[PDB]
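Counting neighbours? That spans all protein chains shown, and the Cβs are built from the backbone with ideal geometry, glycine included. We did not get these values from a lab; they are worked out from the coordinates using the rules stated.
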Amino acid sequence: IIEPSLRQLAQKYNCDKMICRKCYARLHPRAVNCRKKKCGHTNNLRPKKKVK
Amino acid sequence: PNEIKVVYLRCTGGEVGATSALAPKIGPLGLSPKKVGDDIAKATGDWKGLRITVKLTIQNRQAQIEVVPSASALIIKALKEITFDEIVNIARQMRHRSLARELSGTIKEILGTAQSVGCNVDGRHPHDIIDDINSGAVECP
Amino acid sequence: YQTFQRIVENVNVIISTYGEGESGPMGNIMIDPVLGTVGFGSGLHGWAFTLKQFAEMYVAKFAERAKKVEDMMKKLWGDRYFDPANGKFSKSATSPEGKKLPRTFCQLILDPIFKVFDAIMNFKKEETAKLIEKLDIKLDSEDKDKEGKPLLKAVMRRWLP
Amino acid sequence: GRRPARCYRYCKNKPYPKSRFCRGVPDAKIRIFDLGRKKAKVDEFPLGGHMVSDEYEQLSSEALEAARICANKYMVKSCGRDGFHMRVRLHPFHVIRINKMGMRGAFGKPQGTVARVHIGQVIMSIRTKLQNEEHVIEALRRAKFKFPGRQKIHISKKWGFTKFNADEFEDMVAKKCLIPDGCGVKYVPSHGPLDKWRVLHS
Amino acid sequence: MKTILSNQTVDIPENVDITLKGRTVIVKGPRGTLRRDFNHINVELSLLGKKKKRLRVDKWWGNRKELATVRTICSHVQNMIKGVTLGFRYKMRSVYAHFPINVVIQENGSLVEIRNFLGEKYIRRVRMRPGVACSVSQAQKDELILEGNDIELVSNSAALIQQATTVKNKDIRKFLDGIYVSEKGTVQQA
Amino acid sequence: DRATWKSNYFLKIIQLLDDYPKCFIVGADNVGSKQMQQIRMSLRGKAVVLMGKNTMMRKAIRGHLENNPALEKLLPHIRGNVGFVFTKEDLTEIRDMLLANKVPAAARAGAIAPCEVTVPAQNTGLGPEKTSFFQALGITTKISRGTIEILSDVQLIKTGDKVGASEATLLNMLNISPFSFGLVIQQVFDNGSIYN
RNA sequence: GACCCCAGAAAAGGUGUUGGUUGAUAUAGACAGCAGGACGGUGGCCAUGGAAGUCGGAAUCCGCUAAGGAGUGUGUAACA
Ligand SMILES: [Mg+2]
Ligand SMILES: [Mg+2]
Ligand SMILES: [Mg+2]
Ligand SMILES: [Mg+2]
Ligand SMILES: [Zn+2]
């Protein structure tokens, strides 16, 4: 029953992000390369899946 | 509201069907027609077109005048059973002529291109007509 | 008040769209707090109320008994506002000076309940004392010694069965 | 059922083709070497793209088949089923043996076929429309992952699969130094009988 | 490749006054003082005019790794300037699905008290950075106003509150509740 | 085709600006293409509306019109989203005819609202399934005659604020026209002259 | 990381930095940002339980145009 304006506010920090395909790292929505060296800064990124 | 205004459209025509028509889902909005109104709804919209025949219906208390918006592919498929050069011209005459048109060569081109699905005048697809538009290009006004 | 309005609106909208038997064969069926068809309370805490009891007691503190309380029944619900400093109702959303006032439902129904709940819940002993006599509720056994939520359990039940 | 390709990667065994001495050889995995429009004449496909392999290794027959399929799926999907012709320019002629389970009489029996490549040698060829160059490079780039070694993509200066350069191809065809038939062209030297010059050029 | 020189300049308003002690910038704006040393980098800092008061940094043979620090310093100095003329105010709302999040602001706005987060009995106490004061606003139903002069301290304290209310072992695409930064503005709105 | 198109626009602005001596400098505000589509048609009998990049205009009528000066006064005026309406008839008529051709624009989500609109207490006529929209904005509505009813007139949107996403769609269903605006003239031109 | 034999590594990746090749855009104002518009025939044809630009088979036009794909993705049962 969260009001939608605060609902979008929370999704900005919890849901709207990109995930590295090699190390599952949570990256900002505009990320093109993973920031972690454990995967070698791979560009294999995917959006975080929605609950819809 | 014009003593009734239940303007909604419907995408059936040709064969009456009635039950095969989507009218039961669209019936409650007017609350007038029901099954008897549906039967008279297809009566005038029986022929021309014999096809999808999308119509915009203006209400008449219980009756419903079935004026059909002259859709391009609707009239093209209705006429096609083929030159129809003058017939495509009259088909390009009665409809509203908005088209974001400027002249009569424009509408001859735009309506000419819409009928690519069902060819055009005898042995030529309706695109090589579009380039050299001179014959009757100003015959409507 | 908002969530109460949302629910009754949600109940009314679903009554009308499927209950096609509107004014006609059974008349108007939709529930309405002003009509008295909706009540508030909590079965766990054994206390409940509706707009009648508050309107009935406000007149008592204020045959013919029926007509006068149904008009105040109307005043309690809705967007009608009440000014405490003026000590009267008002349809304007703001006072003549410019002080916006609470609506009538929250002002004269919920405030005493909110005052009752907060006083007992926070163990403000003197406030419970002044409240019970201002509310004129009979004191039975086993509550003069037990405080807190069980006391709130008792005073609400006794005041509003 | 098949050993890793690393066991037969290197050309170290003195070419051993299927012959009257090497009998009982199983059939190679790759039987088709030309795909796409093998009938396009010479002109609609002037762009030729090659996969040259800069390593002296041998590629197996199943790898050649796998890369051919991989290039066919992409070229059909992107350029269309009729917009390209593919030619695998490698044939798995060398036969590799296996000594099945000690070292006495260790000469193995045939088990598969490989193709031996050199530093400069095309593995695959694609001819297509000119505007499909990016699609050809990508299709070759993907098929390169199916081979053990390192390979390069090269857009050849020659017209399609023809051995003559694309810039001068049109004008010798114009003056009839080349006549087109089939997928390629016929060179016409000016040193035959004169009657054959006059059935041409007329 | 080493550039001959990479430099850029920042303007200093009339009200705020900047003094230099080596690579240590001190700002004396109306809302207090801000001081920050930069001796971890090798640049030169200079005040240019006496009337327009321009602060200039140079790099003098840096590669692109340390060329990036020229505008990092100037951005920090601008943050110092804005922090002493307008201050930093980080409004942040508390969103909850079912359980209201009760925040109690203890002594002089330096300690905040997150009570009913997801209906747990554990009280979360987070201490604001020195020079950062948090408060409960009266304009909105539930949101924290933490103001200050240092953006690094104010934003870090806002991060302390946000990371304190983190849902564990649940689907965080649901259970979206917590306290998050809504807007980052200033004071005096000028 | 980029070089051809850019040159063609140079020819178009050249051979049309030679013909029409009267012009208005007109700004393209939040103006839909469909509603520009009809004004172009609506003025098609009287004038012609042409514009493009303001840099395109600036280089067009500064370097190729040394033959006919007095259009240099257009140079400091063609700024921002600006346009030319090229007319041959009297300026006053096409002025009010432009003002007469206004559009009842809807409310797009994210757009600012310079005008104030507030829904009164009337029977909307909408079915008993759209209550949840009035729930989202806090309007207390009980249904009468099988139709949604606004009990008391409630403020809808104030000037100079952001339209809510659920708010903007609500105005569409109510069919009530929100803030609406279209083509607006700024300056005028006739043989080296400027007015309001 | 650190020296023939030699005592340890591959395919494959990096928006970490350095050099190189090739191509392209850009005062007729690029790039990136912030802000507008992003239309009609046409809910284009055949498939349909409903497929309206976006599950698919094909076709790939016209007019207004500064420009707008008979559609890049999200989204819907379809819309929106
Ligand atoms: Mg093994
Ligand atoms: Mg050997
Ligand atoms: Mg910045
Ligand atoms: Mg779990
Ligand atoms: Zn990663």
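Values as computed for the structure displayed
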{"read-out": "Residue ID - nearest to ligand 4 (Cβ to nearest atom), chosen from residues in the stretch A:27-47 that are under 13 Å from the mean Cα position of the chain (by Cα) and surrounded by 14 or more Cβ atoms within 10 Å (Cβ to Cβ)", "value": "A:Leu27"}
{"read-out": "Residues satisfying the stated conditions in the stretch F:66-95, i.e. more than 19 Å from the chain's Cα centre (by Cα) and closer than 17 Å to F:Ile14 by Cβ", "value": "F:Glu66, F:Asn67, F:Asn68, F:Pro69, F:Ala70, F:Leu71, F:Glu72, F:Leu74, F:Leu75"}
{"read-out": "Scan of the stretch F:140-170 for residues that are within 11 Å of chain C (Cβ to nearest Cβ) and closer than 22 Å to F:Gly110 by Cβ, ordered by number", "value": "F:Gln155"}
{"read-out": "Hits in the stretch B:94-103 - residues which are within 22 Å of F:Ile39 (Cα to Cα) and either loosely packed, with under 13 Cβ neighbours inside 10 Å or within 14 Å of another protein chain (Cβ to nearest Cβ) (or both)", "value": "B:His96, B:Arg97, B:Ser98, B:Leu99, B:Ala100, B:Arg101, B:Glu102, B:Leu103"}
{"read-out": "Helices (runs of 4 or more DSSP H) fully within the stretch C:1-96 counting 2 or more residues that are within 26 Å of F:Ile139 (Cβ to Cβ) and facing chain F (nearest Cβ under 10 Å)", "value": "C:2-18"}
{"read-out": "Output for the stretch B:97-141, where each listed residue is outside any loop (DSSP other than H, G, I, E, B), among the hydrophobic types (A, V, I, L, M, F, W, C) and more than 18 Å from B:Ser70 (Cα to Cα)", "value": "B:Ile129, B:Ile130"}
{"read-out": "Scope the stretch C:97-131; condition in a loop (DSSP other than H, G, I, E, B), basic (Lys, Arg) and closer than 26 Å to C:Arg158 by Cβ; matching residues", "value": "C:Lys124"}
{"read-out": "Qualifying residue in the stretch B:29-52 (condition: touching a strand residue (DSSP E or B) at 6+ places or on another chain (Cβ under 9 Å) and either within 14 Å of another protein chain (Cβ to nearest Cβ) or within 16 Å of ligand 2 (Cβ to nearest atom) (or both))", "value": "yes"}
{"read-out": "Qualifying residue in the stretch F:95-117 (condition: facing another protein chain (nearest Cβ under 10 Å) and of a type outside the set (A, V, I, L, M, F, W, C))", "value": "no"}
{"read-out": "Subset tally (residues that are among the hydroxyl-bearing types (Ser, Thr, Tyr) and touching a helix residue (DSSP H, G or I) at 6+ places or on another chain (Cβ under 9 Å)) for the stretch E:28-48", "value": "1"}
{"read-out": "Extreme residue, nearest to ligand 5 (Cβ to nearest atom), among residues of the stretch A:8-20 that are surrounded by fewer than 16 Cβ atoms within 10 Å (Cβ to Cβ) and either part of a strand (DSSP E or B) or of a type in the set (D, E, K, R) (or both)", "value": "A:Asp16"}
{"read-out": "Residue count for the stretch F:108-122, restricted to those that are among the aliphatic types (A, V, I, L, M) and within 10 Å of RNA strand G (Cβ to nearest atom)", "value": "3"}
{"read-out": "Per-region count, the stretch D:17-51, residues at positive phi and either part of a loop (DSSP other than H, G, I, E, B) or within 16 Å of ligand 5 (Cβ to nearest atom) (or both)", "value": "1"}
{"read-out": "Close pairs from the stretch E:151-176: first at positive phi, partner in a loop (DSSP other than H, G, I, E, B), Cβ under 8 Å, at least 6 apart", "value": "E:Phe175/E:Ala97; E:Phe175/E:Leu118; E:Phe175/E:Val167"}
{"read-out": "Residues satisfying the stated conditions in the stretch E:155-190, i.e. away from chain A (no Cβ under 13 Å) and among the aliphatic types (A, V, I, L, M)", "value": "E:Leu160, E:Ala164, E:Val187, E:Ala190"}
{"read-out": "The stretch F:37-49 residues that are over 16 Å from F:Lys88 (Cβ atoms) and more than 11 Å from chain B (Cβ to nearest Cβ), paired with ones that are surrounded by 15 or more Cβ atoms within 10 Å (Cβ to Cβ) and acidic (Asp, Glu) (beta carbon under 7 Å, 6 or more apart)", "value": "none"}
{"read-out": "Qualifying residue in the stretch E:128-146 (condition: within 14 Å of chain A (Cβ to nearest Cβ), of a type in the set (A, V, I, L, M) and either more than 16 Å from ligand 5 (Cβ to nearest atom) or farther than 23 Å from A:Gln11 by Cβ (or both))", "value": "yes"}
{"read-out": "Residue list for the stretch A:21-51, filter: more than 8 Å from ligand 5 (Cβ to nearest atom) and within 14 Å of chain E (Cβ to nearest Cβ)", "value": "A:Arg26, A:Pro47, A:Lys48, A:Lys49, A:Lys50, A:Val51"}
{"read-out": "Lone unmet requirement of (1) away from chain A (no Cβ under 14 Å); (2) not in a helix (DSSP H, G or I) for E:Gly83", "value": "(2)"}
{"read-out": "Matching entry among C:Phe82, C:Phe114, C:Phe105 (being among the aromatic types (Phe, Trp, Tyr) and loosely packed, with under 12 Cβ neighbours inside 10 Å)", "value": "C:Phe114"}
{"read-out": "Selection count where residues are farther than 15 Å from B:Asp122 by Cα, of a type in the set (A, V, I, L, M) and crowded, with 18+ Cβ neighbours inside 10 Å, scope the stretch B:77-93", "value": "2"}
{"read-out": "Evaluation of A:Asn14 against (1) over 13 Å from the mean Cα position of the chain (by Cα); (2) within 14 Å of chain E (Cβ to nearest Cβ) (one fails), failing number", "value": "(1)"}
{"read-out": "Residues satisfying the stated conditions in the stretch D:141-164, i.e. farther than 15 Å from D:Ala63 by Cβ and either assigned to a helix (DSSP H, G or I) or not hydroxyl-bearing (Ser, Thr, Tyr) (or both)", "value": "D:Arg141, D:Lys152, D:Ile153, D:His154, D:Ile155, D:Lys157, D:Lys158, D:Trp159, D:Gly160, D:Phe161, D:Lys163, D:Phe164"}
{"read-out": "Yes/no for D:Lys14 being exposed (fewer than 10 other Cβ atoms within 10 Å of the Cβ), at positive phi and part of a loop (DSSP other than H, G, I, E, B)", "value": "yes"}
